[PDB]
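Structure file work-v1.cif (mmCIF, C-alpha atoms) follows.
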data_run
loop_
_atom_site.group_PDB
_atom_site.id
_atom_site.type_symbol
_atom_site.label_atom_id
_atom_site.label_comp_id
_atom_site.auth_asym_id
_atom_site.auth_seq_id
_atom_site.Cartn_x
_atom_site.Cartn_y
_atom_site.Cartn_z
ATOM 1 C CA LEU A 21 -191.645 -105.396 -23.936
ATOM 2 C CA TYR A 22 -189.292 -102.417 -24.326
ATOM 3 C CA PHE A 23 -186.773 -102.209 -21.486
ATOM 4 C CA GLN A 24 -183.585 -100.338 -20.640
ATOM 5 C CA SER A 25 -180.467 -102.122 -21.904
ATOM 6 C CA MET A 26 -178.918 -102.168 -18.411
ATOM 7 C CA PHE A 27 -182.105 -103.749 -17.071
ATOM 8 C CA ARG A 28 -181.993 -106.354 -19.841
ATOM 9 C CA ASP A 29 -178.376 -107.130 -18.906
ATOM 10 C CA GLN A 30 -179.245 -107.407 -15.202
ATOM 11 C CA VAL A 31 -182.155 -109.757 -15.947
ATOM 12 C CA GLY A 32 -179.716 -111.823 -18.017
ATOM 13 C CA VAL A 33 -177.321 -112.035 -15.065
ATOM 14 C CA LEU A 34 -180.263 -112.970 -12.833
ATOM 15 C CA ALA A 35 -181.253 -115.801 -15.187
ATOM 16 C CA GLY A 36 -177.727 -117.218 -15.150
ATOM 17 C CA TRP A 37 -177.474 -117.110 -11.363
ATOM 18 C CA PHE A 38 -180.924 -118.675 -11.041
ATOM 19 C CA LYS A 39 -180.035 -121.606 -13.342
ATOM 20 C CA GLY A 40 -176.967 -122.303 -11.196
ATOM 21 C CA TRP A 41 -178.791 -122.201 -7.842
ATOM 22 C CA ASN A 42 -180.326 -125.226 -6.174
ATOM 23 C CA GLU A 43 -184.070 -125.270 -5.497
ATOM 24 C CA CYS A 44 -183.647 -124.101 -1.905
ATOM 25 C CA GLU A 45 -181.490 -121.170 -3.050
ATOM 26 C CA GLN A 46 -184.013 -120.332 -5.772
ATOM 27 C CA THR A 47 -186.898 -120.276 -3.274
ATOM 28 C CA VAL A 48 -184.973 -118.236 -0.707
ATOM 29 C CA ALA A 49 -183.817 -115.680 -3.305
ATOM 30 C CA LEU A 50 -187.367 -115.275 -4.625
ATOM 31 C CA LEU A 51 -188.666 -114.804 -1.081
ATOM 32 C CA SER A 52 -185.969 -112.154 -0.518
ATOM 33 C CA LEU A 53 -187.466 -110.158 -3.380
ATOM 34 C CA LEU A 54 -191.158 -110.872 -2.743
ATOM 35 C CA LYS A 55 -190.769 -109.399 0.747
ATOM 36 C CA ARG A 56 -189.924 -106.044 -0.872
ATOM 37 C CA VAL A 57 -192.824 -105.627 -3.314
ATOM 38 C CA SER A 58 -196.030 -103.669 -2.777
ATOM 39 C CA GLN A 59 -199.214 -105.416 -1.724
ATOM 40 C CA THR A 60 -200.541 -104.786 -5.254
ATOM 41 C CA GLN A 61 -197.483 -106.372 -6.915
ATOM 42 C CA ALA A 62 -197.732 -109.299 -4.472
ATOM 43 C CA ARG A 63 -201.399 -109.854 -5.368
ATOM 44 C CA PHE A 64 -200.669 -109.694 -9.108
ATOM 45 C CA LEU A 65 -197.914 -112.319 -8.770
ATOM 46 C CA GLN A 66 -200.160 -114.443 -6.554
ATOM 47 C CA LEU A 67 -202.830 -114.311 -9.290
ATOM 48 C CA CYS A 68 -200.266 -115.326 -11.918
ATOM 49 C CA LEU A 69 -199.180 -118.324 -9.835
ATOM 50 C CA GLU A 70 -202.771 -119.352 -9.077
ATOM 51 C CA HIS A 71 -203.675 -119.143 -12.784
ATOM 52 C CA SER A 72 -200.670 -121.235 -13.841
ATOM 53 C CA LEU A 73 -201.305 -123.998 -11.261
ATOM 54 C CA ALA A 74 -205.112 -124.158 -11.572
ATOM 55 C CA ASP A 75 -205.331 -127.410 -13.563
ATOM 56 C CA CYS A 76 -202.167 -129.183 -12.352
ATOM 57 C CA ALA A 77 -203.734 -132.512 -11.385
ATOM 58 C CA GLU A 78 -200.557 -134.236 -10.159
ATOM 59 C CA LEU A 79 -199.675 -131.221 -8.016
ATOM 60 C CA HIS A 80 -203.157 -131.315 -6.466
ATOM 61 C CA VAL A 81 -202.664 -134.953 -5.419
ATOM 62 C CA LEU A 82 -199.411 -134.060 -3.654
ATOM 63 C CA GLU A 83 -201.061 -131.056 -1.964
ATOM 64 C CA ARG A 84 -203.852 -133.196 -0.506
ATOM 65 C CA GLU A 85 -201.303 -135.663 0.865
ATOM 66 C CA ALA A 86 -199.186 -132.788 2.219
ATOM 67 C CA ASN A 87 -202.151 -131.442 4.204
ATOM 68 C CA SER A 88 -203.511 -134.725 5.604
ATOM 69 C CA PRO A 89 -202.296 -135.186 9.214
ATOM 70 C CA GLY A 90 -203.151 -138.904 9.207
ATOM 71 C CA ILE A 91 -201.189 -139.497 5.983
ATOM 72 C CA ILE A 92 -198.232 -137.514 7.344
ATOM 73 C CA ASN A 93 -198.294 -139.346 10.677
ATOM 74 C CA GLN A 94 -198.140 -142.734 8.936
ATOM 75 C CA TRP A 95 -194.922 -141.739 7.134
ATOM 76 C CA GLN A 96 -193.067 -142.799 10.306
ATOM 77 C CA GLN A 97 -193.538 -146.393 9.068
ATOM 78 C CA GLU A 98 -191.332 -145.815 6.015
ATOM 79 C CA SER A 99 -187.601 -146.124 5.521
ATOM 80 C CA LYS A 100 -185.450 -143.100 6.417
ATOM 81 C CA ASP A 101 -184.759 -142.466 2.728
ATOM 82 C CA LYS A 102 -188.456 -142.520 1.840
ATOM 83 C CA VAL A 103 -189.484 -140.274 4.750
ATOM 84 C CA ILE A 104 -186.877 -137.699 3.742
ATOM 85 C CA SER A 105 -188.140 -137.906 0.156
ATOM 86 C CA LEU A 106 -191.744 -137.489 1.298
ATOM 87 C CA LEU A 107 -190.910 -134.538 3.548
ATOM 88 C CA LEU A 108 -188.958 -132.703 0.840
ATOM 89 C CA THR A 109 -191.680 -133.107 -1.782
ATOM 90 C CA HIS A 110 -194.615 -132.337 0.585
ATOM 91 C CA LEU A 111 -193.519 -129.773 3.221
ATOM 92 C CA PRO A 112 -193.533 -126.852 0.683
ATOM 93 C CA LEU A 113 -197.211 -127.708 -0.062
ATOM 94 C CA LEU A 114 -198.334 -127.509 3.587
ATOM 95 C CA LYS A 115 -200.936 -124.767 3.893
ATOM 96 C CA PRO A 116 -199.965 -121.983 6.326
ATOM 97 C CA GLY A 117 -203.085 -122.341 8.440
ATOM 98 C CA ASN A 118 -203.100 -126.166 8.653
ATOM 99 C CA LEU A 119 -202.039 -126.467 12.276
ATOM 100 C CA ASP A 120 -202.718 -130.197 12.703
ATOM 101 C CA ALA A 121 -200.713 -131.126 9.603
ATOM 102 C CA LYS A 122 -197.923 -128.759 10.691
ATOM 103 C CA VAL A 123 -197.751 -130.555 14.049
ATOM 104 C CA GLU A 124 -197.214 -133.901 12.280
ATOM 105 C CA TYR A 125 -194.347 -132.472 10.204
ATOM 106 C CA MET A 126 -192.704 -131.143 13.400
ATOM 107 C CA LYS A 127 -193.042 -134.568 15.030
ATOM 108 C CA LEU A 128 -191.228 -136.321 12.151
ATOM 109 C CA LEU A 129 -188.330 -133.886 11.738
ATOM 110 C CA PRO A 130 -186.376 -134.476 15.002
ATOM 111 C CA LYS A 131 -186.350 -138.218 14.337
ATOM 112 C CA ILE A 132 -184.941 -137.679 10.818
ATOM 113 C CA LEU A 133 -182.336 -135.104 11.953
ATOM 114 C CA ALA A 134 -180.923 -137.242 14.800
ATOM 115 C CA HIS A 135 -180.295 -140.236 12.476
ATOM 116 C CA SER A 136 -178.795 -137.939 9.823
ATOM 117 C CA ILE A 137 -176.614 -135.980 12.315
ATOM 118 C CA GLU A 138 -175.437 -139.311 13.833
ATOM 119 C CA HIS A 139 -174.809 -141.438 10.694
ATOM 120 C CA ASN A 140 -173.515 -138.293 8.873
ATOM 121 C CA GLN A 141 -176.142 -139.162 6.198
ATOM 122 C CA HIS A 142 -178.682 -136.999 4.252
ATOM 123 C CA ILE A 143 -177.233 -133.862 5.987
ATOM 124 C CA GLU A 144 -177.964 -131.705 2.888
ATOM 125 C CA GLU A 145 -181.533 -133.085 2.651
ATOM 126 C CA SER A 146 -181.679 -132.398 6.408
ATOM 127 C CA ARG A 147 -180.377 -128.842 5.765
ATOM 128 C CA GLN A 148 -182.885 -128.344 2.945
ATOM 129 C CA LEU A 149 -185.677 -129.587 5.216
ATOM 130 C CA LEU A 150 -184.643 -127.243 8.020
ATOM 131 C CA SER A 151 -184.397 -124.344 5.580
ATOM 132 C CA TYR A 152 -187.879 -125.022 4.208
ATOM 133 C CA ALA A 153 -189.296 -125.386 7.717
ATOM 134 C CA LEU A 154 -187.636 -122.154 8.829
ATOM 135 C CA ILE A 155 -189.113 -120.166 5.908
ATOM 136 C CA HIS A 156 -192.532 -121.855 5.963
ATOM 137 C CA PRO A 157 -195.268 -119.481 7.254
ATOM 138 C CA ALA A 158 -196.946 -122.414 9.010
ATOM 139 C CA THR A 159 -194.135 -122.756 11.573
ATOM 140 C CA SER A 160 -194.453 -120.851 14.846
ATOM 141 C CA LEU A 161 -191.767 -118.905 16.696
ATOM 142 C CA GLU A 162 -191.441 -121.867 19.059
ATOM 143 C CA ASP A 163 -191.161 -124.254 16.104
ATOM 144 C CA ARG A 164 -188.521 -122.003 14.589
ATOM 145 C CA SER A 165 -186.530 -121.900 17.843
ATOM 146 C CA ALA A 166 -186.440 -125.701 17.904
ATOM 147 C CA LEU A 167 -185.591 -125.776 14.197
ATOM 148 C CA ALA A 168 -182.699 -123.377 14.782
ATOM 149 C CA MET A 169 -181.240 -125.490 17.598
ATOM 150 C CA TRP A 170 -181.372 -128.541 15.343
ATOM 151 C CA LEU A 171 -179.370 -126.565 12.758
ATOM 152 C CA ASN A 172 -176.771 -125.579 15.408
ATOM 153 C CA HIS A 173 -176.394 -129.292 16.334
ATOM 154 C CA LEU A 174 -176.127 -130.295 12.645
ATOM 155 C CA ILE B 15 -180.178 -119.326 5.739
ATOM 156 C CA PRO B 16 -178.140 -122.565 5.116
ATOM 157 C CA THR B 17 -178.655 -123.617 1.489
ATOM 158 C CA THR B 18 -175.370 -125.477 0.784
ATOM 159 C CA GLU B 19 -172.686 -127.543 2.527
ATOM 160 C CA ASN B 20 -170.085 -125.715 0.444
ATOM 161 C CA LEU B 21 -168.876 -122.693 2.462
ATOM 162 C CA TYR B 22 -167.651 -120.967 -0.693
ATOM 163 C CA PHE B 23 -171.065 -121.444 -2.315
ATOM 164 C CA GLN B 24 -172.896 -120.206 0.774
ATOM 165 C CA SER B 25 -170.879 -116.984 0.816
ATOM 166 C CA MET B 26 -171.286 -116.380 -2.923
ATOM 167 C CA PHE B 27 -175.046 -116.949 -2.648
ATOM 168 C CA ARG B 28 -175.245 -114.287 0.072
ATOM 169 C CA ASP B 29 -173.211 -111.894 -2.109
ATOM 170 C CA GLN B 30 -175.549 -112.494 -5.070
ATOM 171 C CA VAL B 31 -178.693 -111.958 -2.995
ATOM 172 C CA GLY B 32 -177.185 -108.664 -1.792
ATOM 173 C CA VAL B 33 -176.514 -107.445 -5.344
ATOM 174 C CA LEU B 34 -180.039 -108.511 -6.308
ATOM 175 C CA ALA B 35 -181.476 -106.466 -3.427
ATOM 176 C CA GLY B 36 -179.582 -103.376 -4.599
ATOM 177 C CA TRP B 37 -180.812 -103.797 -8.171
ATOM 178 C CA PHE B 38 -184.388 -104.405 -7.021
ATOM 179 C CA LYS B 39 -184.444 -101.239 -4.887
ATOM 180 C CA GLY B 40 -183.503 -99.202 -7.958
ATOM 181 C CA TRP B 41 -185.973 -100.784 -10.368
ATOM 182 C CA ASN B 42 -189.357 -99.229 -11.019
ATOM 183 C CA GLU B 43 -192.440 -101.278 -10.162
ATOM 184 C CA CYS B 44 -192.850 -102.508 -13.729
ATOM 185 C CA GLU B 45 -189.230 -103.706 -13.931
ATOM 186 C CA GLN B 46 -189.587 -105.403 -10.527
ATOM 187 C CA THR B 47 -192.728 -107.281 -11.607
ATOM 188 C CA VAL B 48 -191.237 -108.373 -14.946
ATOM 189 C CA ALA B 49 -187.967 -109.470 -13.321
ATOM 190 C CA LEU B 50 -189.881 -111.519 -10.744
ATOM 191 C CA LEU B 51 -192.078 -113.060 -13.428
ATOM 192 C CA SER B 52 -188.932 -114.013 -15.380
ATOM 193 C CA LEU B 53 -187.853 -116.140 -12.425
ATOM 194 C CA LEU B 54 -191.266 -117.544 -11.432
ATOM 195 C CA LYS B 55 -191.654 -119.026 -14.944
ATOM 196 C CA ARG B 56 -188.533 -121.088 -14.208
ATOM 197 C CA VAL B 57 -189.533 -122.721 -10.903
ATOM 198 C CA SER B 58 -191.135 -126.114 -10.315
ATOM 199 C CA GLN B 59 -194.860 -126.498 -9.658
ATOM 200 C CA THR B 60 -194.033 -127.209 -6.005
ATOM 201 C CA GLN B 61 -191.875 -124.091 -5.627
ATOM 202 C CA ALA B 62 -194.571 -122.062 -7.395
ATOM 203 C CA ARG B 63 -197.280 -123.317 -5.024
ATOM 204 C CA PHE B 64 -195.145 -122.653 -1.951
ATOM 205 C CA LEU B 65 -194.520 -119.044 -3.052
ATOM 206 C CA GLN B 66 -198.237 -118.670 -3.857
ATOM 207 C CA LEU B 67 -199.162 -119.847 -0.332
ATOM 208 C CA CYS B 68 -196.646 -117.385 1.175
ATOM 209 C CA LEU B 69 -198.166 -114.478 -0.813
ATOM 210 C CA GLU B 70 -201.703 -115.547 0.069
ATOM 211 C CA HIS B 71 -200.767 -115.732 3.751
ATOM 212 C CA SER B 72 -199.127 -112.302 3.743
ATOM 213 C CA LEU B 73 -202.112 -110.624 2.022
ATOM 214 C CA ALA B 74 -204.975 -112.376 3.839
ATOM 215 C CA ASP B 75 -206.045 -109.492 6.112
ATOM 216 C CA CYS B 76 -204.911 -106.508 4.035
ATOM 217 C CA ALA B 77 -208.098 -104.446 4.284
ATOM 218 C CA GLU B 78 -207.073 -101.524 2.033
ATOM 219 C CA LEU B 79 -205.850 -103.931 -0.636
ATOM 220 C CA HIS B 80 -209.226 -105.698 -0.534
ATOM 221 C CA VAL B 81 -211.073 -102.416 -1.164
ATOM 222 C CA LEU B 82 -208.934 -101.845 -4.269
ATOM 223 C CA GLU B 83 -209.475 -105.461 -5.438
ATOM 224 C CA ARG B 84 -213.260 -105.068 -5.282
ATOM 225 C CA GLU B 85 -213.078 -101.844 -7.323
ATOM 226 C CA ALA B 86 -210.664 -103.473 -9.797
ATOM 227 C CA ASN B 87 -213.114 -106.351 -10.478
ATOM 228 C CA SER B 88 -216.372 -104.357 -10.738
ATOM 229 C CA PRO B 89 -217.198 -103.716 -14.438
ATOM 230 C CA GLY B 90 -219.645 -100.903 -13.618
ATOM 231 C CA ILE B 91 -217.035 -99.118 -11.478
ATOM 232 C CA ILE B 92 -214.315 -99.497 -14.127
ATOM 233 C CA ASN B 93 -216.692 -98.267 -16.851
ATOM 234 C CA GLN B 94 -217.370 -95.028 -14.910
ATOM 235 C CA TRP B 95 -213.655 -94.194 -14.855
ATOM 236 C CA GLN B 96 -213.891 -92.827 -18.397
ATOM 237 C CA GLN B 97 -215.666 -89.824 -16.845
ATOM 238 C CA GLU B 98 -212.562 -88.951 -14.789
ATOM 239 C CA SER B 99 -209.653 -86.706 -15.731
ATOM 240 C CA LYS B 100 -206.891 -88.293 -17.845
ATOM 241 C CA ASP B 101 -204.465 -88.003 -14.864
ATOM 242 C CA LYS B 102 -206.957 -89.839 -12.596
ATOM 243 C CA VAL B 103 -207.699 -92.520 -15.204
ATOM 244 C CA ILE B 104 -203.969 -93.246 -15.541
ATOM 245 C CA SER B 105 -203.675 -93.457 -11.743
ATOM 246 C CA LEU B 106 -206.764 -95.677 -11.424
ATOM 247 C CA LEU B 107 -205.556 -98.046 -14.152
ATOM 248 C CA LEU B 108 -202.054 -98.332 -12.665
ATOM 249 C CA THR B 109 -203.443 -99.121 -9.210
ATOM 250 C CA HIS B 110 -206.246 -101.488 -10.304
ATOM 251 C CA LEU B 111 -205.217 -103.385 -13.467
ATOM 252 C CA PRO B 112 -202.748 -105.693 -11.588
ATOM 253 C CA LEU B 113 -205.668 -106.711 -9.299
ATOM 254 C CA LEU B 114 -207.968 -107.856 -12.125
ATOM 255 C CA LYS B 115 -208.819 -111.527 -11.535
ATOM 256 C CA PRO B 116 -207.824 -113.737 -14.500
ATOM 257 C CA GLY B 117 -211.344 -115.058 -15.282
ATOM 258 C CA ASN B 118 -213.358 -111.820 -14.742
ATOM 259 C CA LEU B 119 -214.178 -111.395 -18.430
ATOM 260 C CA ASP B 120 -216.667 -108.532 -18.054
ATOM 261 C CA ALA B 121 -214.201 -106.514 -15.959
ATOM 262 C CA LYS B 122 -211.426 -107.262 -18.465
ATOM 263 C CA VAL B 123 -213.579 -105.992 -21.335
ATOM 264 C CA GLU B 124 -213.898 -102.645 -19.534
ATOM 265 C CA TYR B 125 -210.093 -102.366 -19.099
ATOM 266 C CA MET B 126 -209.610 -103.180 -22.789
ATOM 267 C CA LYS B 127 -212.006 -100.311 -23.658
ATOM 268 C CA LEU B 128 -210.278 -97.786 -21.360
ATOM 269 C CA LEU B 129 -206.679 -98.582 -22.333
ATOM 270 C CA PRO B 130 -206.962 -97.444 -26.011
ATOM 271 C CA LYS B 131 -208.656 -94.233 -24.930
ATOM 272 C CA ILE B 132 -205.895 -93.259 -22.504
ATOM 273 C CA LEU B 133 -203.122 -94.391 -24.910
ATOM 274 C CA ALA B 134 -204.558 -92.311 -27.765
ATOM 275 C CA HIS B 135 -204.614 -89.251 -25.500
ATOM 276 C CA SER B 136 -201.101 -89.929 -24.184
ATOM 277 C CA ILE B 137 -199.731 -90.315 -27.719
ATOM 278 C CA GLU B 138 -201.541 -87.257 -29.090
ATOM 279 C CA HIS B 139 -200.511 -84.941 -26.238
ATOM 280 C CA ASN B 140 -197.082 -86.486 -25.488
ATOM 281 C CA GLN B 141 -198.105 -87.014 -21.848
ATOM 282 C CA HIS B 142 -198.048 -90.016 -19.512
ATOM 283 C CA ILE B 143 -195.715 -91.903 -21.859
ATOM 284 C CA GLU B 144 -193.923 -93.864 -19.132
ATOM 285 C CA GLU B 145 -197.201 -94.732 -17.408
ATOM 286 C CA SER B 146 -198.723 -95.834 -20.723
ATOM 287 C CA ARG B 147 -195.763 -98.110 -21.403
ATOM 288 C CA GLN B 148 -196.141 -99.616 -17.916
ATOM 289 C CA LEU B 149 -199.885 -100.139 -18.366
ATOM 290 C CA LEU B 150 -199.334 -101.851 -21.722
ATOM 291 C CA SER B 151 -196.600 -104.034 -20.221
ATOM 292 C CA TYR B 152 -198.805 -105.075 -17.278
ATOM 293 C CA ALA B 153 -201.666 -105.838 -19.695
ATOM 294 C CA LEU B 154 -199.394 -107.904 -21.972
ATOM 295 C CA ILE B 155 -198.217 -110.119 -19.068
ATOM 296 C CA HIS B 156 -201.579 -110.227 -17.307
ATOM 297 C CA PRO B 157 -202.975 -113.776 -17.043
ATOM 298 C CA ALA B 158 -206.441 -112.341 -17.709
ATOM 299 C CA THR B 159 -205.661 -111.140 -21.250
ATOM 300 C CA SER B 160 -206.365 -113.356 -24.267
ATOM 301 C CA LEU B 161 -204.135 -113.888 -27.285
ATOM 302 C CA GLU B 162 -206.438 -111.553 -29.234
ATOM 303 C CA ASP B 163 -206.174 -108.951 -26.461
ATOM 304 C CA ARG B 164 -202.399 -109.240 -26.557
ATOM 305 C CA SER B 165 -202.271 -108.782 -30.323
ATOM 306 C CA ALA B 166 -204.188 -105.500 -29.852
ATOM 307 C CA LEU B 167 -201.984 -104.475 -26.927
ATOM 308 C CA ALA B 168 -198.811 -105.137 -28.943
ATOM 309 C CA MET B 169 -200.250 -103.031 -31.757
ATOM 310 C CA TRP B 170 -200.730 -100.160 -29.298
ATOM 311 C CA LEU B 171 -197.266 -100.617 -27.779
ATOM 312 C CA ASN B 172 -195.538 -100.517 -31.173
ATOM 313 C CA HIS B 173 -197.578 -97.430 -32.074
ATOM 314 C CA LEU B 174 -196.591 -95.720 -28.820
ATOM 315 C CA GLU B 175 -192.921 -96.545 -29.363
ATOM 316 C CA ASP B 176 -193.044 -95.493 -33.018
ATOM 317 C CA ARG B 177 -194.720 -92.161 -32.207
ATOM 318 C CA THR B 178 -192.411 -91.336 -29.268
ATOM 319 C CA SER B 179 -189.131 -92.306 -30.994
#

Once you've parsed the file, please lay out its structure as structure tokens.
Amino acid sequence: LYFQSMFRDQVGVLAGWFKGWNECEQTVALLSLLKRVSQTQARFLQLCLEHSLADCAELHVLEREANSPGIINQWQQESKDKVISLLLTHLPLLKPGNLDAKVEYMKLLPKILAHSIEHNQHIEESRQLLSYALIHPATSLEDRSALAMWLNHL
Amino acid sequence: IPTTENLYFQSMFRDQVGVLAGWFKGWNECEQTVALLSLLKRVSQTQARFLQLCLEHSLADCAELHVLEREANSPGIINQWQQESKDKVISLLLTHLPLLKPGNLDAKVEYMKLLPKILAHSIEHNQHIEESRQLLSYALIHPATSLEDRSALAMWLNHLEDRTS
């Protein structure tokens, strides 16, 4: 592709910043740009992502787990470290219209945050979980109010 | 909002996102799409799926978009566009090619027939050069195009750049 030299330089700066960001930062920055594109650009990028992920078998296994309210509910029987691991790897795969699964994620979070905010442990994981919950289209305004108060307490 | 415990890092992240927003607002739609693709290729499968779900949610009930998508994936409709004025064909291709579904082979064949016709006219008459470059760029990054398609599209792009330089 033939591009303006300034644009090439800016994309180079972008790549450097992106490599230095954590995954939460990367996701948030990308969302900050995807909110500004046209519906047609958004659909094109959606098609690109769908094409790239179409035959990702391991991803599909995680997605099914992430959308199974019974599976999610059972995670309360795991150690704190494992539940935080499960939430971080599965919450981004929750489908926006899966209300029953969403409810099970919202039931597990306040238990994990209390322990973390008390034993000053996994606070970053807790912060990454609250960030992902706050930007997840599945969460309601009432969910997001609760999520915000849990951030204030943290 | 909170992405780091480090207060210095949190403030610098916000600064960077601001600069990014300013750059993005000044980019044309082709630059924006290419810049976004240059980041999406770097994310994990899980990040990619999350962003995909967000896009799908935002677009789910976009009625006017859906009308354009149906046109963009109808080979008979696309084929008829060759009867339109060169200005209209350029406009139709710009607005519909990004909506072509990656496995719609028959629709893709019709785009690959129309693109050389509008590029030959643009090169001969020194018109629509920017739009032609954008159409070729979109086609070259389009998940629907094959490696053979992209060899042909690169041929056309080099010819356009050679004839306009």

Within 10 Å of residue 128 of chain B, counting only C-alpha atoms, which residues show up once you throw out same-chain ones fewer than 5 positions away? Write them as a PyMOL selection string, please. chain B and resi 92-96+103-104+107+122-123+133

Would you mind listing, for every residue of chain B within 8 Å of chain A, the two atoms forming the shortest contact and the distance between them in Å to one decimal, using all atoms listed in the file, sorted by chain and ascending residue number, as JSON lines?
{"residue": "B:15", "atom": "CA", "partner": "A:151", "partner_atom": "CA", "distance": 6.6}
{"residue": "B:16", "atom": "CA", "partner": "A:151", "partner_atom": "CA", "distance": 6.5}
{"residue": "B:17", "atom": "CA", "partner": "A:45", "partner_atom": "CA", "distance": 5.9}
{"residue": "B:18", "atom": "CA", "partner": "A:144", "partner_atom": "CA", "distance": 7.1}
{"residue": "B:19", "atom": "CA", "partner": "A:144", "partner_atom": "CA", "distance": 6.7}
{"residue": "B:27", "atom": "CA", "partner": "A:45", "partner_atom": "CA", "distance": 7.7}
{"residue": "B:31", "atom": "CA", "partner": "A:49", "partner_atom": "CA", "distance": 6.3}
{"residue": "B:34", "atom": "CA", "partner": "A:34", "partner_atom": "CA", "distance": 7.9}
{"residue": "B:35", "atom": "CA", "partner": "A:53", "partner_atom": "CA", "distance": 7.0}
{"residue": "B:38", "atom": "CA", "partner": "A:53", "partner_atom": "CA", "distance": 7.5}
{"residue": "B:43", "atom": "CA", "partner": "A:61", "partner_atom": "CA", "distance": 7.9}
{"residue": "B:45", "atom": "CA", "partner": "A:27", "partner_atom": "CA", "distance": 7.8}
{"residue": "B:46", "atom": "CA", "partner": "A:57", "partner_atom": "CA", "distance": 7.9}
{"residue": "B:47", "atom": "CA", "partner": "A:61", "partner_atom": "CA", "distance": 6.7}
{"residue": "B:49", "atom": "CA", "partner": "A:31", "partner_atom": "CA", "distance": 6.4}
{"residue": "B:50", "atom": "CA", "partner": "A:50", "partner_atom": "CA", "distance": 7.6}
{"residue": "B:51", "atom": "CA", "partner": "A:65", "partner_atom": "CA", "distance": 7.5}
{"residue": "B:52", "atom": "CA", "partner": "A:35", "partner_atom": "CA", "distance": 7.9}
{"residue": "B:53", "atom": "CA", "partner": "A:35", "partner_atom": "CA", "distance": 7.2}
{"residue": "B:57", "atom": "CA", "partner": "A:46", "partner_atom": "CA", "distance": 7.9}
{"residue": "B:59", "atom": "CA", "partner": "A:79", "partner_atom": "CA", "distance": 6.9}
{"residue": "B:60", "atom": "CA", "partner": "A:112", "partner_atom": "CA", "distance": 6.7}
{"residue": "B:61", "atom": "CA", "partner": "A:47", "partner_atom": "CA", "distance": 6.7}
{"residue": "B:62", "atom": "CA", "partner": "A:69", "partner_atom": "CA", "distance": 6.4}
{"residue": "B:63", "atom": "CA", "partner": "A:113", "partner_atom": "CA", "distance": 6.6}
{"residue": "B:64", "atom": "CA", "partner": "A:112", "partner_atom": "CA", "distance": 5.2}
{"residue": "B:65", "atom": "CA", "partner": "A:51", "partner_atom": "CA", "distance": 7.5}
{"residue": "B:66", "atom": "CA", "partner": "A:66", "partner_atom": "CA", "distance": 5.4}
{"residue": "B:67", "atom": "CA", "partner": "A:115", "partner_atom": "CA", "distance": 6.7}
{"residue": "B:68", "atom": "CA", "partner": "A:157", "partner_atom": "CA", "distance": 6.6}
{"residue": "B:69", "atom": "CA", "partner": "A:66", "partner_atom": "CA", "distance": 6.1}
{"residue": "B:70", "atom": "CA", "partner": "A:66", "partner_atom": "CA", "distance": 6.9}
{"residue": "B:71", "atom": "CA", "partner": "A:116", "partner_atom": "CA", "distance": 6.8}
{"residue": "B:73", "atom": "CA", "partner": "A:59", "partner_atom": "CA", "distance": 7.0}
{"residue": "B:79", "atom": "CA", "partner": "A:59", "partner_atom": "CA", "distance": 6.9}
{"residue": "B:109", "atom": "CA", "partner": "A:60", "partner_atom": "CA", "distance": 7.5}
{"residue": "B:112", "atom": "CA", "partner": "A:64", "partner_atom": "CA", "distance": 5.1}
{"residue": "B:113", "atom": "CA", "partner": "A:64", "partner_atom": "CA", "distance": 5.8}
{"residue": "B:115", "atom": "CA", "partner": "A:67", "partner_atom": "CA", "distance": 7.0}
{"residue": "B:116", "atom": "CA", "partner": "A:71", "partner_atom": "CA", "distance": 7.0}
{"residue": "B:151", "atom": "CA", "partner": "A:21", "partner_atom": "CA", "distance": 6.3}
{"residue": "B:156", "atom": "CA", "partner": "A:68", "partner_atom": "CA", "distance": 7.5}
{"residue": "B:157", "atom": "CA", "partner": "A:68", "partner_atom": "CA", "distance": 6.0}

Residue neighbourhood residue 91 of chain B, 10 Å, only C-alpha atoms, exclusion window fewer than 6 positions, as a list in words: residues 84, 85, 121 and 124 of chain B

When distances are computed from all atoms listed in the file, which of A:121, A:104, A:129, A:26 shows the smallest separation from residue 91 of chain A?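 Checking each of A:121, A:104, A:129, A:26 against residue 91 of chain A, counting all atoms listed in the file, the winner is A:121.
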
Which residue is closest to residue 142 of chain B? Choose from B:23, B:75, B:102, B:89 and count only C-alpha atoms. B:102

Residue with smallest distance to residue 93 of chain A - pool A:159, A:122, A:77, A:105, counting all atoms listed in the file: A:122

For atom CA of residue 134 of chain B and atom CA of residue 158 of chain B, the interatomic separation in Å (one decimal):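 Interatomic distance here is 22.5 Å.
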
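Separating atom CA of residue 172 of chain A from atom CA of residue 130 of chain A is a distance of 13.1 Å.
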
Between atom CA of residue 168 of chain A and atom CA of residue 36 of chain B, measure the distance and give it in Å to one decimal.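 Atom CA of residue 36 of chain B lies 28.0 Å from atom CA of residue 168 of chain A.
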